[PDB]
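Please treat every number below as a calculation from the coordinates, not as lab data. Reconstructed Cβ throughout: ideal geometry from the backbone, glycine too, with neighbour counts over all protein chains shown.
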Amino acid sequence: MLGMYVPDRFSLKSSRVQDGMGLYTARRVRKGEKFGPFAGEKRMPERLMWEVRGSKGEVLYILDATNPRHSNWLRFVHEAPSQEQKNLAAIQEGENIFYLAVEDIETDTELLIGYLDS
């Protein structure tokens, strides 16, 4: 009875960086908007994963979105093949991972995560 939830400001359309679907905007994203937190299963050390680190840089745990039942729609955001295509960057605000829009994003554009650079 339940479909996986995708907010209505986004759409799944054919990805331009991988086979299958990717997450696209269905309306504009303004520079500075942030999305999340990223959801996943908390793993101890032993893509679809984010290390979560403490104030001092020590690894607290890994968030693993491999299982769709324990994650959310941020898992559909593919990695940017080259840093020029990136329009989201991962920020760890406290202990949560958020995806931050680092430029304005037009409607009908695939969201692609990468590193903040310069």
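Brief remarks follow.
- Qualifying residue in region 5-27 (condition: touching a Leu at 6+ places or on another chain (Cβ under 9 Å), part of a strand (DSSP E or B), over 14 Å from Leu112 (Cβ atoms) and of a type outside the set (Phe, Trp, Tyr)): yes
- Filtering region 39-59 to residues that are part of a strand (DSSP E or B) and not β-branched (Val, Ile, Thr) leaves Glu41, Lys42, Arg43, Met49, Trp50, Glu51, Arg53.
- Under the condition of being assigned to a loop (DSSP other than H, G, I, E, B), over 9 Å from the mean Cα position of the chain (by Cα) and under 14 Å from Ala39 (Cβ atoms), the residues counted in region 60-118 number 6.
- The residue that is surrounded by the most Cβ atoms within 10 Å (Cβ to Cβ), among those in region 4-21 that are closer than 23 Å to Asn96 by Cα and touching a helix residue (DSSP H, G or I) at 6+ places or on another chain (Cβ under 8 Å), is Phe10.
- Some residue of region 86-104 being among the hydroxyl-bearing types (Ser, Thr, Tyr) and out of contact with any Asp or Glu (no Cβ under 7 Å at 6 or more places or on another chain): yes
- Under the condition of being surrounded by fewer than 16 Cβ atoms within 10 Å (Cβ to Cβ) and in contact with a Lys or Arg (Cβ under 9 Å, 6 or more places away or on another chain), the residues counted in region 48-65 number 4.
- Residue count, region 66-118 (criterion: of a type in the set (D, E, K, R) and in contact with a helix residue (DSSP H, G or I) (Cβ under 8 Å, 6 or more places away or on another chain)): 1
- For beta carbons closer than 7 Å, sequence separation of 6+ or different chains, a first residue in region 37-52 that is charged (D, E, K, R) and a second that is part of a loop (DSSP other than H, G, I, E, B), the qualifying pairs are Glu41/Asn67.
- Scanning region 99-115 for residues that are closer than 24 Å to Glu41 by Cβ and in contact with a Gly (Cβ under 7 Å, 6 or more places away or on another chain) turns up at least one hit.
- Residue selected from region 35-47 under the condition touching a strand residue (DSSP E or B) at 6+ places or on another chain (Cβ under 7 Å) and surrounded by 15 or more Cβ atoms within 10 Å (Cβ to Cβ), by the criterion farthest from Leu74 (Cα to Cα): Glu41
- Search result, residues across region 61-99 that are aliphatic (A, V, I, L, M) and more than 16 Å from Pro7 (Cα to Cα): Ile62, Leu63, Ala65, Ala80, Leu88, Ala89, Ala90, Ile91, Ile97
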